[PDB]
Amino acid sequence: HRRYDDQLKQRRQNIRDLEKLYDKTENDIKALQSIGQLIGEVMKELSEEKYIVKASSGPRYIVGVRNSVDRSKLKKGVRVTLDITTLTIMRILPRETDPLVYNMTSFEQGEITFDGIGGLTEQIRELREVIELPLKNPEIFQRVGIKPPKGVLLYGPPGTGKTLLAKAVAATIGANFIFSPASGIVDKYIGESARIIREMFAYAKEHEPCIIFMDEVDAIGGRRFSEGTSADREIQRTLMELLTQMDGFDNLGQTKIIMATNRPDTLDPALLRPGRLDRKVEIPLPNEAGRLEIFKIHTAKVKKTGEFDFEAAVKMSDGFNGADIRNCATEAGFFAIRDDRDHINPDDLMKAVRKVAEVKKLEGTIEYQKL
Amino acid sequence: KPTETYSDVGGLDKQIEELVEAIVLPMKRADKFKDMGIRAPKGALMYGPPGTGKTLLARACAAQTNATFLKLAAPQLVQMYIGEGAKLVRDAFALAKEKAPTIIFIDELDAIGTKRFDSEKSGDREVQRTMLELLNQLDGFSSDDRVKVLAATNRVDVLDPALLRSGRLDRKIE
């Protein structure tokens, strides 16, 4: 009796599962019945029902209005939606210049914090005053009367963790961060090279000032004497846009500009002078006490022995590197494999530091980048 | 994978064992590095007289791993179209995402780099663009120690001092 009934009860559950598939399939045709809509920004207001909106392709047309939109938000400076057939305004969308998300989102995954960049504390407490404080309690600078700093320059010898400085500050504030590589925005197009900089400062008002980051820019800061320039003239307008932005009449000082580079001299001396970049923060070789905090950082998550060395690792490598310790952590793993040990020999840790002395041979001694 | 193996070479085992510790052992022993927390070397520097077996030794190591290989020449990163060379390095590590255990080879590392600020001509900048991609991509989603790159160059004299880091090239193999 219940054998035939239980078979139909299981089919009844499959009937309701197909009912959701019926509407889902019918909605596919309903989604394909829709047409395309042109997106443009209002340039000039011709009349009440007549507007001039520039299409995304660059032509302009005189478009009408409908009863489903409000003419108060259809004025200039607001991105609207046009029609691809009769060329009229249909709907209203929020203002987004060039919605490139990979440039807007920094892909934050917490790894290194202020305790992992330690040993730089002399320069770490220097950054948090001009970054964390004005983005938290801006009235401190307003009571004295000084204007909040706009740009911050992070430079130094390679291997000191300047790249990790972007992820360390971003792991605390938790606000928005815009990563803009130097050679990723140089893609050759008409008027696009200077427009990319205009984007980040345009999105800073709607997305809140937060922090904008620049990664290893060796290019736009050059004088560029003319050999023919080999199509790079598009980069010249990129430098002009960056200089005119700081001196522009728009409200600034809330948005922080973090620009890191290998050496400062390649940057535009117009930027290095006051009025645009007010903050030059050097990250030189840490002192004897600064390196000691870093060895505990790399040996924390790594399985070690309780005899792991403290202050002798600083005395082993002097003047050869003095910057990147993480090289020593990688070399120490190979000595334990030959001896068939999971834990690292404290003597092999000192041998890995001695090996690094002959690893670099890249010269790169920096006495010239102080200024 | 290529057709070259370790049997076709001899007497280079001193330099071969240095290559086995780069793209060979950290790939199979990765289970040990994850438990120990030790990061594998991101790459290995190769230099010497141009008439060595650096092209053959790097070829013998690629067939033993039996993994997807990618060959990218440094002079090929410079093109007349701006941004095309920047997309080469950007799309080179993009294939290291879909296929995680891959091998990238860069021939003539000295081909891309310079300073060129003080003196006349104001440099070039049609070169250093793709060099900044090598610094940014290896500091990006990459450096999971499946991206390990074999860097082959002639001499050590002319090179960018910023090309060597614990996140780019570790073992310098003479």
# chains A, B, ... in the order shown; residues from 1 in each chain; ligands from 1
$ closest_atom_pairs --of "chain B" --to "chain A" --cutoff "7 Å" --atoms "only C-alpha atoms" --output "tab-separated table"
residue	atom	partner	partner_atom	distance
B:36	CA	A:303	CA	5.2
B:37	CA	A:302	CA	4.5
B:38	CA	A:302	CA	6.0
B:39	CA	A:330	CA	5.8
B:40	CA	A:330	CA	6.2
B:41	CA	A:330	CA	6.3
B:82	CA	A:188	CA	5.3
B:83	CA	A:187	CA	4.4
B:86	CA	A:183	CA	6.5
B:117	CA	A:266	CA	6.7
B:121	CA	A:225	CA	6.3
B:122	CA	A:224	CA	5.4
B:125	CA	A:219	CA	6.6
B:129	CA	A:183	CA	5.2
B:132	CA	A:183	CA	6.6
B:133	CA	A:183	CA	6.8
B:161	CA	A:362	CA	5.3
B:162	CA	A:158	CA	5.7
B:165	CA	A:159	CA	6.0
B:166	CA	A:327	CA	4.9
B:170	CA	A:327	CA	6.6
B:171	CA	A:359	CA	6.8
B:172	CA	A:359	CA	5.7
$ select_by_dssp --residues "chain B" --states "strand (DSSP E)" --output "ChimeraX atom specification"
/B:43-46,68-73,102-107,149-152,171-173
$ write_last_selection --atoms "N, CA and C atoms" --output "PDB file, in the first residue's frame"
ATOM      1  N   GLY B  43      62.788  31.899  -7.536  1.00  0.00           N
ATOM      2  CA  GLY B  43      63.495  31.746  -8.794  1.00  0.00           C
ATOM      3  C   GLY B  43      64.970  31.523  -8.553  1.00  0.00           C
ATOM      4  N   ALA B  44      65.700  31.383  -9.658  1.00  0.00           N
ATOM      5  CA  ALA B  44      67.138  31.151  -9.616  1.00  0.00           C
ATOM      6  C   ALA B  44      67.809  31.950 -10.721  1.00  0.00           C
ATOM      7  N   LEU B  45      68.898  32.634 -10.377  1.00  0.00           N
ATOM      8  CA  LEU B  45      69.656  33.417 -11.341  1.00  0.00           C
ATOM      9  C   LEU B  45      70.727  32.551 -11.993  1.00  0.00           C
ATOM     10  N   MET B  46      70.864  32.687 -13.311  1.00  0.00           N
ATOM     11  CA  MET B  46      71.809  31.900 -14.093  1.00  0.00           C
ATOM     12  C   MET B  46      72.640  32.845 -14.947  1.00  0.00           C
ATOM     13  N   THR B  68      53.338  22.208 -17.225  1.00  0.00           N
ATOM     14  CA  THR B  68      53.193  23.175 -18.306  1.00  0.00           C
ATOM     15  C   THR B  68      54.344  24.174 -18.282  1.00  0.00           C
ATOM     16  N   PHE B  69      54.980  24.365 -19.434  1.00  0.00           N
ATOM     17  CA  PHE B  69      56.125  25.253 -19.567  1.00  0.00           C
ATOM     18  C   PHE B  69      55.753  26.468 -20.406  1.00  0.00           C
ATOM     19  N   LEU B  70      56.249  27.634 -19.996  1.00  0.00           N
ATOM     20  CA  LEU B  70      56.044  28.881 -20.721  1.00  0.00           C
ATOM     21  C   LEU B  70      57.396  29.526 -20.985  1.00  0.00           C
ATOM     22  N   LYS B  71      57.656  29.862 -22.245  1.00  0.00           N
ATOM     23  CA  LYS B  71      58.895  30.512 -22.655  1.00  0.00           C
ATOM     24  C   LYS B  71      58.591  31.955 -23.034  1.00  0.00           C
ATOM     25  N   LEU B  72      59.290  32.893 -22.399  1.00  0.00           N
ATOM     26  CA  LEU B  72      59.117  34.316 -22.662  1.00  0.00           C
ATOM     27  C   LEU B  72      60.488  34.959 -22.794  1.00  0.00           C
ATOM     28  N   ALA B  73      60.761  35.545 -23.956  1.00  0.00           N
ATOM     29  CA  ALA B  73      62.028  36.219 -24.201  1.00  0.00           C
ATOM     30  C   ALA B  73      61.935  37.679 -23.781  1.00  0.00           C
ATOM     31  N   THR B 102      53.222  25.711 -13.062  1.00  0.00           N
ATOM     32  CA  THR B 102      53.832  26.005 -14.350  1.00  0.00           C
ATOM     33  C   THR B 102      55.293  26.404 -14.160  1.00  0.00           C
ATOM     34  N   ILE B 103      55.973  26.636 -15.282  1.00  0.00           N
ATOM     35  CA  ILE B 103      57.375  27.043 -15.293  1.00  0.00           C
ATOM     36  C   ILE B 103      57.537  28.143 -16.332  1.00  0.00           C
ATOM     37  N   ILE B 104      58.081  29.284 -15.915  1.00  0.00           N
ATOM     38  CA  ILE B 104      58.327  30.419 -16.794  1.00  0.00           C
ATOM     39  C   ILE B 104      59.833  30.574 -16.957  1.00  0.00           C
ATOM     40  N   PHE B 105      60.277  30.785 -18.194  1.00  0.00           N
ATOM     41  CA  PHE B 105      61.690  30.958 -18.506  1.00  0.00           C
ATOM     42  C   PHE B 105      61.896  32.316 -19.160  1.00  0.00           C
ATOM     43  N   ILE B 106      62.891  33.056 -18.680  1.00  0.00           N
ATOM     44  CA  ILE B 106      63.236  34.369 -19.211  1.00  0.00           C
ATOM     45  C   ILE B 106      64.673  34.301 -19.705  1.00  0.00           C
ATOM     46  N   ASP B 107      64.859  34.448 -21.013  1.00  0.00           N
ATOM     47  CA  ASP B 107      66.183  34.414 -21.615  1.00  0.00           C
ATOM     48  C   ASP B 107      66.749  35.824 -21.719  1.00  0.00           C
ATOM     49  N   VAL B 149      60.341  31.106 -11.646  1.00  0.00           N
ATOM     50  CA  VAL B 149      60.837  31.501 -12.959  1.00  0.00           C
ATOM     51  C   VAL B 149      62.328  31.206 -13.034  1.00  0.00           C
ATOM     52  N   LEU B 150      62.767  30.683 -14.177  1.00  0.00           N
ATOM     53  CA  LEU B 150      64.184  30.457 -14.442  1.00  0.00           C
ATOM     54  C   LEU B 150      64.735  31.672 -15.180  1.00  0.00           C
ATOM     55  N   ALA B 151      65.629  32.408 -14.524  1.00  0.00           N
ATOM     56  CA  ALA B 151      66.223  33.616 -15.087  1.00  0.00           C
ATOM     57  C   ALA B 151      67.598  33.269 -15.646  1.00  0.00           C
ATOM     58  N   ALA B 152      67.753  33.399 -16.960  1.00  0.00           N
ATOM     59  CA  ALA B 152      69.006  33.112 -17.646  1.00  0.00           C
ATOM     60  C   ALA B 152      69.544  34.401 -18.252  1.00  0.00           C
ATOM     61  N   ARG B 171      68.322  31.829  -5.195  1.00  0.00           N
ATOM     62  CA  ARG B 171      69.605  31.169  -5.403  1.00  0.00           C
ATOM     63  C   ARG B 171      70.284  31.727  -6.648  1.00  0.00           C
ATOM     64  N   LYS B 172      71.504  32.231  -6.481  1.00  0.00           N
ATOM     65  CA  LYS B 172      72.318  32.698  -7.597  1.00  0.00           C
ATOM     66  C   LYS B 172      73.270  31.571  -7.974  1.00  0.00           C
ATOM     67  N   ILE B 173      73.072  30.999  -9.155  1.00  0.00           N
ATOM     68  CA  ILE B 173      73.791  29.808  -9.585  1.00  0.00           C
ATOM     69  C   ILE B 173      74.864  30.239 -10.575  1.00  0.00           C
TER      70      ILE B 173
END
$ residues_around --residues "residue 78 (chain A)" --least-positions-apart "5" --cutoff "12 Å" --atoms "only C-alpha atoms" --output "PyMOL selection string"
chain A and resi 39-45+51-54+71-73+92-97
$ residues_around --residues "residue 63 (chain B)" --least-positions-apart "2" --cutoff "10 Å" --atoms "only C-alpha atoms" --output "list in words"
residues 1, 2, 3, 4, 5, 6, 58, 59, 60, 61, 65, 66, 67, 68 and 69 of chain B
$ write_last_selection --atoms "N, CA and C atoms" --output "CSV table (one decimal), in the first residue's frame"
chain,number,residue,atom,x,y,z
B,1,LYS,N,56.4,19.6,-22.2
B,1,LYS,CA,57.7,19.2,-21.8
B,1,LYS,C,58.7,19.0,-22.9
B,2,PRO,N,60.0,19.3,-22.8
B,2,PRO,CA,60.9,19.1,-23.8
B,2,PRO,C,61.5,17.6,-23.9
B,3,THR,N,62.4,17.4,-24.8
B,3,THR,CA,63.0,16.0,-25.0
B,3,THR,C,64.3,15.9,-24.3
B,4,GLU,N,64.8,16.9,-23.6
B,4,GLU,CA,66.1,16.9,-22.9
B,4,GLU,C,65.9,16.4,-21.5
B,5,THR,N,66.8,15.5,-21.1
B,5,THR,CA,66.8,14.9,-19.8
B,5,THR,C,68.2,15.1,-19.2
B,6,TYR,N,68.4,14.6,-17.9
B,6,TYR,CA,69.7,14.7,-17.3
B,6,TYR,C,70.7,13.7,-17.7
B,58,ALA,N,68.6,24.1,-18.2
B,58,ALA,CA,67.2,24.5,-17.9
B,58,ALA,C,66.2,23.7,-18.7
B,59,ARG,N,66.6,23.2,-19.8
B,59,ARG,CA,65.8,22.4,-20.6
B,59,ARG,C,65.6,21.0,-20.1
B,60,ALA,N,66.7,20.4,-19.5
B,60,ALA,CA,66.6,19.1,-18.9
B,60,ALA,C,65.8,19.1,-17.6
B,61,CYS,N,65.7,20.2,-16.9
B,61,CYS,CA,64.9,20.3,-15.7
B,61,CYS,C,63.4,20.4,-16.0
B,65,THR,N,60.0,17.6,-14.5
B,65,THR,CA,58.8,18.0,-13.7
B,65,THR,C,57.5,17.6,-14.3
B,66,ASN,N,57.4,17.5,-15.7
B,66,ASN,CA,56.2,17.1,-16.4
B,66,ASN,C,55.1,18.0,-16.1
B,67,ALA,N,55.3,19.3,-16.3
B,67,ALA,CA,54.4,20.4,-16.0
B,67,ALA,C,54.4,21.4,-17.2
B,68,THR,N,53.3,22.2,-17.2
B,68,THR,CA,53.2,23.2,-18.3
B,68,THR,C,54.3,24.2,-18.3
B,69,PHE,N,55.0,24.4,-19.4
B,69,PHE,CA,56.1,25.3,-19.6
B,69,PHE,C,55.8,26.5,-20.4
$ closest_residue --among "B:159, B:29, B:42, B:174" --to "residue 14 (chain B)" --atoms "only C-alpha atoms"
B:174
$ atom_distance --atom1 "CA of residue 175 (chain A)" --atom2 "CA of residue 211 (chain A)"
7.7 Å
$ select_by_dssp --residues "region 120-340 of chain A" --states "helix (DSSP H, G or I)" --output "ChimeraX atom specification"
/A:121-130,139-144,164-173,192-206,229-231,233-246,264-266,269-272,288-301,312-316,326-338
$ residues_around --residues "region 21-35 of chain A" --least-positions-apart "2" --cutoff "10 Å" --atoms "only C-alpha atoms" --output "VMD selection string"
chain A and resid 15 to 19 37 83 to 85
$ closest_residue --among "A:349, A:306, A:261, A:285" --to "residue 318 (chain A)" --atoms "only C-alpha atoms"
A:285
$ atom_distance --atom1 "CA of residue 120 (chain A)" --atom2 "CA of residue 115 (chain B)"
27.7 Å
$ residues_around --residues "residue 74 (chain B)" --least-positions-apart "2" --cutoff "10 Å" --atoms "only C-alpha atoms" --output "VMD selection string"
chain B and resid 71 to 72 76 to 78 85 89 105 to 113 127 130 to 131
$ write_last_selection --atoms "N, CA, C and O atoms" --output "compact mmCIF listing (two decimals), in the first residue's frame"
# COMPACT_ATOMS: atom_id res chain seq x y z
N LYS B 71 57.66 29.86 -22.25
CA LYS B 71 58.89 30.51 -22.65
C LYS B 71 58.59 31.95 -23.03
O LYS B 71 57.74 32.21 -23.89
N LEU B 72 59.29 32.89 -22.40
CA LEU B 72 59.12 34.32 -22.66
C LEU B 72 60.49 34.96 -22.79
O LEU B 72 61.29 34.92 -21.85
N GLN B 76 61.51 40.30 -26.56
CA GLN B 76 60.17 40.28 -27.12
C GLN B 76 59.19 41.15 -26.33
O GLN B 76 58.09 41.41 -26.83
N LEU B 77 59.57 41.60 -25.14
CA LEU B 77 58.69 42.42 -24.31
C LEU B 77 58.62 43.87 -24.77
O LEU B 77 57.82 44.63 -24.23
N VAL B 78 59.44 44.26 -25.74
CA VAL B 78 59.46 45.62 -26.26
C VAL B 78 58.86 45.60 -27.66
O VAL B 78 59.37 44.91 -28.56
N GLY B 85 53.59 45.20 -24.77
CA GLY B 85 54.60 44.52 -23.99
C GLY B 85 54.26 44.44 -22.51
O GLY B 85 54.65 43.49 -21.83
N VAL B 89 53.82 40.41 -19.90
CA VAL B 89 54.14 39.96 -18.55
C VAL B 89 52.86 39.80 -17.73
O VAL B 89 52.75 38.89 -16.90
N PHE B 105 60.28 30.78 -18.19
CA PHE B 105 61.69 30.96 -18.51
C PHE B 105 61.90 32.32 -19.16
O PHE B 105 61.16 32.68 -20.08
N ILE B 106 62.89 33.06 -18.68
CA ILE B 106 63.24 34.37 -19.21
C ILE B 106 64.67 34.30 -19.70
O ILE B 106 65.60 34.12 -18.91
N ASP B 107 64.86 34.45 -21.01
CA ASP B 107 66.18 34.41 -21.62
C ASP B 107 66.75 35.82 -21.72
O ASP B 107 66.03 36.77 -22.05
N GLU B 108 68.04 35.95 -21.42
CA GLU B 108 68.76 37.23 -21.48
C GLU B 108 68.09 38.26 -20.57
O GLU B 108 67.45 39.22 -21.01
N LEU B 109 68.25 38.03 -19.26
CA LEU B 109 67.68 38.94 -18.27
C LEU B 109 68.24 40.35 -18.41
O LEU B 109 67.55 41.33 -18.10
N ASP B 110 69.49 40.48 -18.87
CA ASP B 110 70.09 41.79 -19.08
C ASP B 110 69.46 42.56 -20.23
O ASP B 110 69.77 43.74 -20.40
N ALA B 111 68.60 41.92 -21.03
CA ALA B 111 68.01 42.61 -22.17
C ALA B 111 67.08 43.73 -21.72
O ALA B 111 66.99 44.77 -22.38
N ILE B 112 66.38 43.55 -20.60
CA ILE B 112 65.44 44.54 -20.10
C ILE B 112 66.00 45.08 -18.79
O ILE B 112 65.95 44.41 -17.75
N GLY B 113 66.52 46.30 -18.84
CA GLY B 113 66.79 47.09 -17.67
C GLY B 113 67.77 48.19 -17.98
O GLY B 113 68.53 48.12 -18.94
N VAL B 127 61.44 50.48 -22.61
CA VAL B 127 61.94 49.22 -22.06
C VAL B 127 61.48 49.04 -20.61
O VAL B 127 60.81 48.06 -20.29
N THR B 130 57.96 47.32 -19.27
CA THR B 130 57.80 45.89 -19.02
C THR B 130 58.66 45.40 -17.86
O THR B 130 58.41 44.30 -17.35
N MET B 131 59.66 46.17 -17.44
CA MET B 131 60.45 45.81 -16.27
C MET B 131 59.67 46.05 -14.99
O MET B 131 59.78 45.27 -14.03
$ closest_residue --among "A:201, A:368, A:213, A:4" --to "residue 241 (chain A)" --atoms "only C-alpha atoms"
A:201
$ decode --residues "region 107-216 of chain A" --atoms "C-alpha atoms" --output "PDB file, in the first residue's frame"
ATOM      1  CA  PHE A 107      42.009  42.861  -3.212  1.00  0.00           C
ATOM      2  CA  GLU A 108      42.676  43.047   0.523  1.00  0.00           C
ATOM      3  CA  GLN A 109      43.611  39.777   2.243  1.00  0.00           C
ATOM      4  CA  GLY A 110      45.066  40.295   5.706  1.00  0.00           C
ATOM      5  CA  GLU A 111      48.554  38.805   6.026  1.00  0.00           C
ATOM      6  CA  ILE A 112      51.172  41.261   7.323  1.00  0.00           C
ATOM      7  CA  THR A 113      50.215  43.796  10.004  1.00  0.00           C
ATOM      8  CA  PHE A 114      52.036  46.625  11.784  1.00  0.00           C
ATOM      9  CA  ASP A 115      53.764  43.941  13.880  1.00  0.00           C
ATOM     10  CA  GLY A 116      55.210  42.281  10.765  1.00  0.00           C
ATOM     11  CA  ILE A 117      56.757  45.493   9.442  1.00  0.00           C
ATOM     12  CA  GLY A 118      58.373  46.005  12.841  1.00  0.00           C
ATOM     13  CA  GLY A 119      61.876  47.323  13.236  1.00  0.00           C
ATOM     14  CA  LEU A 120      60.827  50.345  11.155  1.00  0.00           C
ATOM     15  CA  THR A 121      58.902  51.733  14.157  1.00  0.00           C
ATOM     16  CA  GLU A 122      60.906  54.967  13.928  1.00  0.00           C
ATOM     17  CA  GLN A 123      59.368  55.455  10.470  1.00  0.00           C
ATOM     18  CA  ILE A 124      56.156  53.552  11.291  1.00  0.00           C
ATOM     19  CA  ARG A 125      54.966  56.070  13.884  1.00  0.00           C
ATOM     20  CA  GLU A 126      55.863  58.746  11.319  1.00  0.00           C
ATOM     21  CA  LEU A 127      53.336  57.437   8.776  1.00  0.00           C
ATOM     22  CA  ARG A 128      50.404  56.864  11.147  1.00  0.00           C
ATOM     23  CA  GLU A 129      50.388  60.537  12.181  1.00  0.00           C
ATOM     24  CA  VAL A 130      49.931  61.849   8.620  1.00  0.00           C
ATOM     25  CA  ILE A 131      47.687  58.966   7.492  1.00  0.00           C
ATOM     26  CA  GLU A 132      45.684  57.338  10.285  1.00  0.00           C
ATOM     27  CA  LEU A 133      45.215  60.523  12.326  1.00  0.00           C
ATOM     28  CA  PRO A 134      43.835  62.866   9.603  1.00  0.00           C
ATOM     29  CA  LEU A 135      41.503  60.121   8.345  1.00  0.00           C
ATOM     30  CA  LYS A 136      40.197  59.650  11.913  1.00  0.00           C
ATOM     31  CA  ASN A 137      40.259  62.997  13.791  1.00  0.00           C
ATOM     32  CA  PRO A 138      40.793  65.711  11.149  1.00  0.00           C
ATOM     33  CA  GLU A 139      39.971  68.483  13.649  1.00  0.00           C
ATOM     34  CA  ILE A 140      43.491  68.190  15.104  1.00  0.00           C
ATOM     35  CA  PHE A 141      45.041  69.769  12.006  1.00  0.00           C
ATOM     36  CA  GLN A 142      42.146  72.229  11.696  1.00  0.00           C
ATOM     37  CA  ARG A 143      42.648  73.621  15.211  1.00  0.00           C
ATOM     38  CA  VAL A 144      46.285  74.503  14.508  1.00  0.00           C
ATOM     39  CA  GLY A 145      45.371  75.761  11.026  1.00  0.00           C
ATOM     40  CA  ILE A 146      47.683  73.540   8.961  1.00  0.00           C
ATOM     41  CA  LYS A 147      46.347  71.749   5.915  1.00  0.00           C
ATOM     42  CA  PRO A 148      46.354  67.930   5.924  1.00  0.00           C
ATOM     43  CA  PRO A 149      49.155  66.414   3.829  1.00  0.00           C
ATOM     44  CA  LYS A 150      48.151  65.079   0.413  1.00  0.00           C
ATOM     45  CA  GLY A 151      50.976  62.944  -0.964  1.00  0.00           C
ATOM     46  CA  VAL A 152      53.413  60.710   0.908  1.00  0.00           C
ATOM     47  CA  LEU A 153      56.663  59.460  -0.641  1.00  0.00           C
ATOM     48  CA  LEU A 154      57.983  56.037   0.409  1.00  0.00           C
ATOM     49  CA  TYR A 155      61.447  55.242  -0.957  1.00  0.00           C
ATOM     50  CA  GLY A 156      64.588  53.387   0.057  1.00  0.00           C
ATOM     51  CA  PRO A 157      66.857  50.514  -0.926  1.00  0.00           C
ATOM     52  CA  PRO A 158      65.198  47.465  -2.504  1.00  0.00           C
ATOM     53  CA  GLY A 159      64.353  44.595  -0.188  1.00  0.00           C
ATOM     54  CA  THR A 160      63.262  46.631   2.850  1.00  0.00           C
ATOM     55  CA  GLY A 161      59.565  45.786   2.485  1.00  0.00           C
ATOM     56  CA  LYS A 162      58.332  48.914   0.697  1.00  0.00           C
ATOM     57  CA  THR A 163      55.810  46.738  -1.153  1.00  0.00           C
ATOM     58  CA  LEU A 164      54.586  45.311   2.164  1.00  0.00           C
ATOM     59  CA  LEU A 165      53.974  48.865   3.417  1.00  0.00           C
ATOM     60  CA  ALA A 166      50.879  49.078   1.204  1.00  0.00           C
ATOM     61  CA  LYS A 167      49.395  45.869   2.626  1.00  0.00           C
ATOM     62  CA  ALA A 168      50.340  46.720   6.222  1.00  0.00           C
ATOM     63  CA  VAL A 169      48.536  50.073   6.307  1.00  0.00           C
ATOM     64  CA  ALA A 170      45.592  48.562   4.414  1.00  0.00           C
ATOM     65  CA  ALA A 171      45.222  45.747   6.971  1.00  0.00           C
ATOM     66  CA  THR A 172      44.410  48.285   9.722  1.00  0.00           C
ATOM     67  CA  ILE A 173      42.360  51.222   8.389  1.00  0.00           C
ATOM     68  CA  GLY A 174      40.199  48.895   6.303  1.00  0.00           C
ATOM     69  CA  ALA A 175      39.009  51.684   3.992  1.00  0.00           C
ATOM     70  CA  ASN A 176      39.105  51.644   0.190  1.00  0.00           C
ATOM     71  CA  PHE A 177      42.465  51.443  -1.577  1.00  0.00           C
ATOM     72  CA  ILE A 178      43.258  52.069  -5.248  1.00  0.00           C
ATOM     73  CA  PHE A 179      46.329  50.327  -6.667  1.00  0.00           C
ATOM     74  CA  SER A 180      47.527  51.996  -9.884  1.00  0.00           C
ATOM     75  CA  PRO A 181      50.690  50.445 -11.352  1.00  0.00           C
ATOM     76  CA  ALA A 182      52.875  52.681 -13.488  1.00  0.00           C
ATOM     77  CA  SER A 183      53.113  50.594 -16.669  1.00  0.00           C
ATOM     78  CA  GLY A 184      49.544  49.279 -16.485  1.00  0.00           C
ATOM     79  CA  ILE A 185      47.931  52.666 -17.134  1.00  0.00           C
ATOM     80  CA  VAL A 186      50.280  53.634 -19.993  1.00  0.00           C
ATOM     81  CA  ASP A 187      48.209  51.686 -22.532  1.00  0.00           C
ATOM     82  CA  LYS A 188      48.245  53.766 -25.697  1.00  0.00           C
ATOM     83  CA  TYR A 189      44.953  55.495 -26.524  1.00  0.00           C
ATOM     84  CA  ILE A 190      43.805  58.989 -27.450  1.00  0.00           C
ATOM     85  CA  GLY A 191      43.053  61.010 -24.321  1.00  0.00           C
ATOM     86  CA  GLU A 192      42.890  57.901 -22.120  1.00  0.00           C
ATOM     87  CA  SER A 193      46.332  58.268 -20.512  1.00  0.00           C
ATOM     88  CA  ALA A 194      45.437  61.615 -18.926  1.00  0.00           C
ATOM     89  CA  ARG A 195      41.887  60.438 -18.159  1.00  0.00           C
ATOM     90  CA  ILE A 196      42.978  57.602 -15.847  1.00  0.00           C
ATOM     91  CA  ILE A 197      44.394  60.067 -13.314  1.00  0.00           C
ATOM     92  CA  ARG A 198      41.210  62.144 -13.550  1.00  0.00           C
ATOM     93  CA  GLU A 199      39.304  58.974 -12.611  1.00  0.00           C
ATOM     94  CA  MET A 200      40.946  58.266  -9.249  1.00  0.00           C
ATOM     95  CA  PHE A 201      40.365  61.840  -8.072  1.00  0.00           C
ATOM     96  CA  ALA A 202      36.790  61.771  -9.399  1.00  0.00           C
ATOM     97  CA  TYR A 203      35.934  58.517  -7.609  1.00  0.00           C
ATOM     98  CA  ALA A 204      37.496  59.888  -4.408  1.00  0.00           C
ATOM     99  CA  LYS A 205      34.438  62.065  -3.724  1.00  0.00           C
ATOM    100  CA  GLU A 206      31.737  59.392  -4.062  1.00  0.00           C
ATOM    101  CA  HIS A 207      33.756  56.470  -2.639  1.00  0.00           C
ATOM    102  CA  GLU A 208      35.101  58.667   0.242  1.00  0.00           C
ATOM    103  CA  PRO A 209      38.654  60.094   0.245  1.00  0.00           C
ATOM    104  CA  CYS A 210      40.328  56.939   1.659  1.00  0.00           C
ATOM    105  CA  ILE A 211      43.813  56.327   0.208  1.00  0.00           C
ATOM    106  CA  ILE A 212      45.110  56.151  -3.374  1.00  0.00           C
ATOM    107  CA  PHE A 213      48.285  54.130  -3.953  1.00  0.00           C
ATOM    108  CA  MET A 214      50.916  54.376  -6.695  1.00  0.00           C
ATOM    109  CA  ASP A 215      53.237  51.412  -7.275  1.00  0.00           C
ATOM    110  CA  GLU A 216      56.804  51.868  -8.565  1.00  0.00           C
TER     111      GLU A 216
END
